[PDB]
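What is reported rests on the model, the rules as stated and the sources as named; no laboratory instrument gave them. So basically every Cβ, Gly included, is an ideal-geometry build from the backbone, and we count neighbours across all protein chains shown.
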Amino acid sequence: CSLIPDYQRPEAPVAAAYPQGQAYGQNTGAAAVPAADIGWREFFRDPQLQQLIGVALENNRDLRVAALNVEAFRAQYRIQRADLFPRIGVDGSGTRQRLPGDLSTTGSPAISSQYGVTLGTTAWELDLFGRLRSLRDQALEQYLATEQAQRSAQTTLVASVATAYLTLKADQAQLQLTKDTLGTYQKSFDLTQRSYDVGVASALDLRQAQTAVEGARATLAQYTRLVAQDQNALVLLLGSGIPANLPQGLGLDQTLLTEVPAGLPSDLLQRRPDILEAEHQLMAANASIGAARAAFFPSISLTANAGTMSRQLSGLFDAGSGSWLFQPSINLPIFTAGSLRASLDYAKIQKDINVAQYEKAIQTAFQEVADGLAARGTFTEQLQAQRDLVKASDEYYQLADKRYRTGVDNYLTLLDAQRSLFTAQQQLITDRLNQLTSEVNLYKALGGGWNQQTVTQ
Amino acid sequence: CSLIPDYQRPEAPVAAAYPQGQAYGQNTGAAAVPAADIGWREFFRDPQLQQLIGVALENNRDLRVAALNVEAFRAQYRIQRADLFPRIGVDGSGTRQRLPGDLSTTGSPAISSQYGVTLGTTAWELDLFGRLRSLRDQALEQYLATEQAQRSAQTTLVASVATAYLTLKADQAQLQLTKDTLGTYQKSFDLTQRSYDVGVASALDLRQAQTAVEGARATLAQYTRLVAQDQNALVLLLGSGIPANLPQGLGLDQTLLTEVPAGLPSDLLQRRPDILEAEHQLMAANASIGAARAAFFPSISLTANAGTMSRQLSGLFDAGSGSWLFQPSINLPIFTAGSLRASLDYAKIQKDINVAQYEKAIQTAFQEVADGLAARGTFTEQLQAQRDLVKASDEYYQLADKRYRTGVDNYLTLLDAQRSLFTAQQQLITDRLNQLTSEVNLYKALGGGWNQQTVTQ
Amino acid sequence: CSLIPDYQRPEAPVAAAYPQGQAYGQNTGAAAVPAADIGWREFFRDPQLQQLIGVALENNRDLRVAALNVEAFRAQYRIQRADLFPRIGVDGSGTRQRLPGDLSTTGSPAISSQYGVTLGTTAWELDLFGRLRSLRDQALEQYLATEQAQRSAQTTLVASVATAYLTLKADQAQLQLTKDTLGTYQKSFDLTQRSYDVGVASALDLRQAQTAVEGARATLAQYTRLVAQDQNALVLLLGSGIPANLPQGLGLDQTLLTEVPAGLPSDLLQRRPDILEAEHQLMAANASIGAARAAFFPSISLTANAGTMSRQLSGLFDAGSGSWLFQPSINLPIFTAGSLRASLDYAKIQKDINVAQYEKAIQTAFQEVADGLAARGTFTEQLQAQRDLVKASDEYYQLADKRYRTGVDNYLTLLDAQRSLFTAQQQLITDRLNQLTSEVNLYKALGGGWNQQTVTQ
Ligand SMILES: *C(=O)CCCCCCCCCCCCCCC
Ligand SMILES: *C(=O)CCCCCCCCCCCCCCC
Ligand SMILES: *C(=O)CCCCCCCCCCCCCCC
C-alpha cells in the first residue's frame, strides 16, 4: 500500500497563444529550437561579453549559494530516505535500584541490578502503508525542485550580466559623445569670443554660448560618474575583477544577439526553469498528503536486538550470558479530536496552495514574455524613427551652424539646434539599450541560458 | 488556571490628528462612513473597471494563495485544539526474550513472553495549569490574524488593479494624442515641402519641420509599446484573459470614484486590515508567554488502557484474559539551567517584538495616508494649473501657426510652440493619473475594498 | 573531545585596493580613523539634523525590533547552553494493573500496583564528544551575529534619516525657488499686459508670457506636494512627530559634513557591520558540523533519581520506603542508511554556503564604496560646472530681459532665457543633494554611525 494521490498537472490558465496586433510581430508558432535549448554563447555574439558571462558563472557567489542549496536538498532527501531502514546499534545499559520491603522480591529492602550490552534497533517503523515512502518523496521533490531553481537562477545571472555590460558600454558611448560635444562646445564658445572683443558677437550671443558650454561641462561629469557606477555594477556580478586579457569588445550599434523564436506558450510548461521548480514544489506537497493519510493507519513499530546480560557486570562476556529481545508492536488510532483529519487537511490545502502557485508562476511568464514581444515588436520602429531625428537635426545643425556666422540668423536657433540634436543623440543610445534589454530579458523568460551551447533533438 | 497575561493594546504612537496646512485641506474629523465600510463597487464608478476587479477577485492566484493560507491556519488551530483531548486507540504488542540464568526467574535460561491488545491512551496530558489552552490560543490567534491578512491582501489586489487599468487607459490616452499630432506633424512637414521646392520654405525650415515630425514618429512607437506592456500588466492581476463583454469603459477626464472621508487617525485601529493582523499577531505571541510560564508548573501526564493480555498468543480472546492499566504521573522541575527562564524570556520578548511591530504598522499607516492627503490637497490645484498651460499653449499655437505661414516670423517659434504645447498635453495626462493613483491608494490606506458593497451601522 | 573544525576566514575575493582613475580621486591609503570609528554627531554638522537622528534612534520601531531580536538570540543561546546541564525534577508516578492468570505472580487474576515520588533526572546526556558544546556555540554564534546585524541596521537608520531630512530640505529649496520665480513670472506677465492693452505687447508675446507663468503656477503645486511627502517620509523614520524645540537647521549650500577617509578595503573586514554578521553567521554553521560529526559517536545517556516508593500509597513518607535508581546507558550506532553521512554533509554544505555568503557580502561592500568614490570624484566638478550654467543663465537672463523690453528682440529669447535658467536652478539643487546622498551612503558603507561620538586608538 501507498497513499499518495495521482499527480495531475493543472491546465495552464493563460491564453492558448500569445496576444497579438497592437505592437506584436507575427506569432511564428511552434519553434523547432526553444530559446531554452539555445545557448547564450551562441545567443550572445560579443565574445568579450560572452567571456564575462564565463567569469560570472565560475565566480558569482549568489549562484554558488544557489548551487550548494541543491546539495543541501539532496542531502535532506538522503536523510529522509534512510528512515525506511532500521537504526542498528551496539548499546550498553545498566540499572541499579534499591527497593523497599513491599517491593524487593526478598520481602525486605534489597537492591536489584540488570546489565546488558546488545546489537539491535529500537522502535523501527515498518512501512506497510507507506507513511515513510511518502515523506521520502516529499523531500525528493523538494530536492528536484531545488535543482530547477538553480537553473532558474543562472539564467538570471546571465541576463543581469548582459544587462550590466550593456548599461556600462552604453554609458561609455553616452560619454565619448560628451567629449566630442565638449571640444565642439568650447571651440564654438571661443569663436563667439574673438568675435566678441571684436564686437561681431554681442554679450547675449556670448552668454548663450556660455550656457551651451556649461550645459555640457556638467553632463560631462555625470556620464563620468555613471560610468564608474556601471563598472562597479559589473565586477560584483563577476565575483572577480575584470581580467586584462579580454577579447575585443564591440559597440551598441552592432548586431550582438541571435533573434530568438518565441514558440508556443505551452512550450514554457516543459522549459521555463522556475515553472518546473513550481511543479515539483507542487509535487512534494502532494506527497505530504500521502504522509498525512497514513497516520490514519496501523503503524507497526519494532524494537529488537540481541546480546549478553547478567545481574552483576562481570558475567557479561562469559558463557551462557546470552540473551535477546523481540518486541514488535501494532498501533491504530480510534480517537484523536479529529487531529488527524485536521492535519490531513492542512496538507491537502498546502497542495492546493502550491497548485495555485504553479498557476501564478505560469501566469507570470505570459506577462513577462508578452512585455518582451511588445518590446520586440516596437523597438525596431523606434530605432529607425529616432535614427531620423538624428539626421534631420545634424542637417538642422550644419545649416544653422553656418547661418549664424553668416549674419542672417541669431544664436538662439544655433543653440536650439544643438539641443534638438544632442538630446536626440543621448536618447538614441539609450533607446538602443532598452531595445537590447527587452531582448535579453526576452531570451531569459523563454528559458534563458542554462545551456552554454545550443542543443537539439 | 491559565497564565496568559492581560492583553492591553498599546497606544498608537502617532500624532492625534493628521497633520495640517502646507498642502492639506481641512480635517473633516470623524467620518460617519469609514472608507473601510465604503465598498469599491461604489467607490469605483467605472463599471467596466468594477467588473475587472470582479474578475481579478475570482481569478488572481496570489489572493487564492493568501486565502487558502487562512484555511491552513484554521487547520493549524484545529491540530492544536485536539491536544486538550486524549489520544485513544486499539493497540497490540508483543515481547519474547531469552534471559540468562541469573535473570530468568527459573534461575536457569528460560524464554519469557507477554502479549497484549488493549484500547487506551498513553501519556495524555491533563491541562490543569492551562499550558495547552495557551498554545491553543496562540494558534487561534495566528489563525485570526491570518484572516485579517487575507483582508489586507484583497484591498491591495483592488488598488493594484485600479492602478493597472489606469496607467493602461492613461497610456491609451497618451497614444491617440500621438496619432493626432502625427497627422498634424506630417501635414505640417508637407506644407513645408511644397513650400520648399517652391522656395518659400528654406532648407532650415525644412529640417526643423523634419525634426518635429521625426520627434513624433518615435514617441509614437514608445507609447505604442507602453500600451501592450500595461495590457500585459493587467491580465496577470486578472488571472484571466480580459473577457469580451465588458461594459463601456470611461476616460481619465471623467470623475471615476467617490471622494472619500479621511476620518480620524484612531479610525485606522479598528478598520485598516493589516493593523489588525498586527494586533492579533501581537496577541498570538501574548499567549506564547502563558505557555512558557506553565512549564514552570506541575505537568500532569496520564497513561491508561484496558483489554486482554496473556503469556502465549491464543489465550487472548478467551476467558479471564481480561487486563488493564492505570498509570498517572505528576512532574515538577526543580532545576533546568535557567532553561525555563531563558525560554520564558524568548516568548516574552517575542511579545515585545510584536508590540513594536504593531507600533510600526500603525506609524506606517499615518505616513501612507498623509502622503495621500498632501496628494489630495495639491493635485486638484496642479490640475487647474496644468489645465492652463494647455490653453495658453494652444493659443500660443494657433497664433504662431498662422504667423509662421504669414512670413512675419520663422519656424523656430512654430516648433517651440509645438514643444511647449505637446509637452503640456502629455504632462497633463500623466498628472491626471498620478492624482487618481494618489486617491486609490488613499482609499486603500484607510481600510480599502474588503467590501464589494458599502455597509451601515 | 570537541569536533568543531578550525575556523579559517576566507580571503576577501575583491581587488586589493580601490579601483582608480576614470572618476576616482587619490586613494589616501590606510586612514588613521575608519569611517566606522567616526561619529555621525561629528560627521554630521547640522545640529538640528543631529537631533533628528537622536530622535529617530530613541524611537524608530524597525530598529527596536532589530534590537529585541538580539535579546531573543541571547535567550536562544541561553536555552542551548542549558543542555550541557541535567534536568532535575521532583516527580510522582503511580501504576495499577489487573493481570490475567498466566501473568499475575499469583497464577490467578490479581491486581498489582507501584507508587513513587522521587527527585531526579531522566535521559541526561553526558557531553563527552562535545556534541552539545558544539550546538551551544552554534546558537552563541548566531547570537553574536544578530548583535552585528543590529549595528548594521542602525547605520542604515541614520543613513535613511540623513537622506529624508535632505530630500526634505532639498525639496524646500526647490520650493522657495518657485515662490520667487512665481512673483517674477506674474510681474513679467502683467508688464506684458499693460503693454498689451497698449499695443506694445502683441498677443503672441502675451500667450508665451502666459505659458511661462502657467508653467510656474503648475510647478508650484508639485513642489508643494513633494514636501509634505518628504515630511511624511520623516516622522516615520523618527518614530515621533518632529519636536518643536529643534535647533537652527542649515541650508544645502553649506558644508554640512566631514569629508571622510576611505581607507584600505581590508579595513571593511574589521569594521563594516553586515560583513561581520556574515562572518559569525558563517562560524555558526561552522559549529553545526561539529554537532553533526558527534552523532557518529557514542552518546552517553543517564536516567537517575532517588526518593521513596511502595505498593500502596500510604507508606510513602513512612519508614524504609526509601528507594532510588541509577540507570546509565551508552549507545553507538552501527548502521543508519547513510543517514549520518547525509546529515553530516548537509551541515558541511551549510558551512560552505555561509562561506559563499561571507564572500558575497564583502563583494557588495566594494561595489557600494566604489560607487561612492566615483560619486565623490565627480560631484564636486559637476557642482562647479552647474554653478556656471547658473551664472551664464542669469546674465543671459538680465540681458535678454532688458533687450526684450527695448524692442531689439522678441519674447522667445526672453522665455528660453527663463527655461535655460530656472531649469539650471532646479537641477542645481538636485545635484547638490545627490552629491550629499552619495556622501552619506559612502559614510555608511564604510562603517557608518554605530558611534554618536568619534573614538580612537
Ligand atoms: C495494504 O493494506 C496492503 C496489504 C493487504 C494485503 C494482505 C495483508 C498483507 C499485510 C499483513 C500485515 C502483517 C505482517 C506485518 C508484520 C511486520
Ligand atoms: C492554578 O492551577 C491554581 C489552582 C491550583 C491547582 C492545584 C491542583 C488541584 C486542582 C484540582 C482540580 C480538579 C478538577 C477535576 C477534573 C475534572
Ligand atoms: C574524546 O573523548 C576522545 C576520548 C579519548 C580520551 C582518552 C582517555 C585517556 C585517559 C588517561 C588520562 C589520565 C590523566 C593523567 C595524565 C598524567
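A count restricted to segment A:74-102 and to residues that are part of a strand (DSSP E or B) and of a type in the set (S, T, N, Q) stands at 1. Taken together, the residues in segment C:88-124 that are more than 8 Å from chain B (Cβ to nearest Cβ), of a type outside the set (S, T, N, Q) and buried (at least 16 other Cβ atoms within 10 Å of the Cβ) amount to 5. Criterion first (of a type in the set (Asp, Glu), away from ligand 2 (no atom under 16 Å from the Cβ) and not in a loop (DSSP other than H, G, I, E, B)) does C:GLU11 satisfy it? So C:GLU11 does not fit the description; no. Here B:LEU132, B:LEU140 are screened, and the one residue that is within 15 Å of B:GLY290 (Cα to Cα), more than 16 Å from ligand 2 (Cβ to nearest atom), outside the structural domain of B:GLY322 (by CATH) and of a type in the set (A, V, I, L, M) is B:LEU140. Exactly one residue out of A:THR454, A:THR430, A:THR406 is under 26 Å from A:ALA361 (Cβ atoms) and surrounded by fewer than 19 Cβ atoms within 10 Å (Cβ to Cβ): that is A:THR454. Of C:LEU421, C:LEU412, all but one fail to be over 25 Å from C:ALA170 (Cβ atoms), in contact with a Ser or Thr (Cβ under 8 Å, 6 or more places away or on another chain) and assigned by CATH to the domain that holds C:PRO273; the exception is C:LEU412. If I filter segment B:195-210 for residues that are facing chain A (nearest Cβ under 9 Å), surrounded by fewer than 21 Cβ atoms within 10 Å (Cβ to Cβ) and either free of Cβ contacts under 8 Å to residues at least 12 places away in the same chain or not in a helix (DSSP H, G or I) (or both), do I get at least one hit? Within segment B:195-210, one or more residues are facing chain A (nearest Cβ under 9 Å), surrounded by fewer than 21 Cβ atoms within 10 Å (Cβ to Cβ) and either free of Cβ contacts under 8 Å to residues at least 12 places away in the same chain or not in a helix (DSSP H, G or I) (or both). Scanning segment C:332-388 for residues that are facing chain A (nearest Cβ under 7 Å) and in contact with a strand residue (DSSP E or B) (Cβ under 6 Å, 6 or more places away or on another chain) turns up C:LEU332, C:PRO333, C:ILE334, C:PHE335. Answer yes if at least one residue in segment A:42-53 is in a loop (DSSP other than H, G, I, E, B) and either assigned by CATH to the domain that holds A:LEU144 or surrounded by 16 or more Cβ atoms within 10 Å (Cβ to Cβ) (or both), and no otherwise. Looking for residues that are in a loop (DSSP other than H, G, I, E, B) and either assigned by CATH to the domain that holds A:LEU144 or surrounded by 16 or more Cβ atoms within 10 Å (Cβ to Cβ) (or both), one finds at least one in segment A:42-53, hence yes. Which one is nearest to ligand 3 (Cβ to nearest atom), of the residues in segment B:128-175 that are charged (D, E, K, R) and buried (at least 20 other Cβ atoms within 10 Å of the Cβ)? Residue satisfying both the conditions and the ranking: B:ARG131. In this structure, A:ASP230 does not qualify as charged (D, E, K, R), part of a helix (DSSP H, G or I) and more than 22 Å from C:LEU373 (Cβ to Cβ). Among residues of segment A:125-149 that are away from chain C (no Cβ under 14 Å), those with a beta-carbon under 6 Å from a residue that is within 16 Å of ligand 1 (Cβ to nearest atom) and among the β-branched types (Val, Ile, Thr) at least six positions away or on a different chain give the pairs A:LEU126/A:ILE300; A:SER134/A:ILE4. Just to be sure, is A:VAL70 without any contact (Cβ under 8 Å) to a residue 40 or more places away in the chain, β-branched (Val, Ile, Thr) and in contact with a helix residue (DSSP H, G or I) (Cβ under 7 Å, 6 or more places away or on another chain)? No, not satisfied. Among the criteria (1) under 27 Å from A:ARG41 (Cβ atoms); (2) more than 8 Å from chain B (Cβ to nearest Cβ); (3) part of a helix (DSSP H, G or I), the one A:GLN452 does not fulfil is (3). With respect to the stated conditions, C:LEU182 fails to be more than 26 Å from the chain's Cα centre (by Cα), within 16 Å of ligand 3 (Cβ to nearest atom) and surrounded by fewer than 19 Cβ atoms within 10 Å (Cβ to Cβ). On the stretch given as segment B:304-324, residues that are of a type in the set (A, V, I, L, M), in contact with a strand residue (DSSP E or B) (Cβ under 7 Å, 6 or more places away or on another chain) and surrounded by fewer than 20 Cβ atoms within 10 Å (Cβ to Cβ) total 4.
Each residue in segment C:392-407 was checked for being without any contact (Cβ under 8 Å) to a residue 40 or more places away in the chain, more than 7 Å from chain A (Cβ to nearest Cβ) and touching a helix residue (DSSP H, G or I) at 6+ places or on another chain (Cβ under 8 Å), and 4 pass. B:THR106 - would you say it is hydroxyl-bearing (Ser, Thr, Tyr), closer than 30 Å to A:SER329 by Cβ and part of a loop (DSSP other than H, G, I, E, B)? So B:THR106 passes the test.
Conditions (1) out of contact with any helix residue (DSSP H, G or I) (no Cβ under 9 Å at 6 or more places or on another chain); (2) over 30 Å from B:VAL14 (Cβ atoms); (3) away from chain B (no Cβ under 14 Å); (4) among the hydrophobic types (A, V, I, L, M, F, W, C), marked per residue:
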{"site": "C:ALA23", "(1), (2), (3), (4)": "no, yes, yes, yes"}
{"site": "C:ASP46", "(1), (2), (3), (4)": "no, no, yes, no"}
{"site": "C:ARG81", "(1), (2), (3), (4)": "no, yes, no, no"}
{"site": "C:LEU84", "(1), (2), (3), (4)": "no, yes, no, yes"}
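Does C:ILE4 satisfy being within 16 Å of ligand 3 (Cβ to nearest atom) and in the same structural domain as C:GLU368 (by CATH)? Taking the combined requirement at face value, the residue satisfies it.
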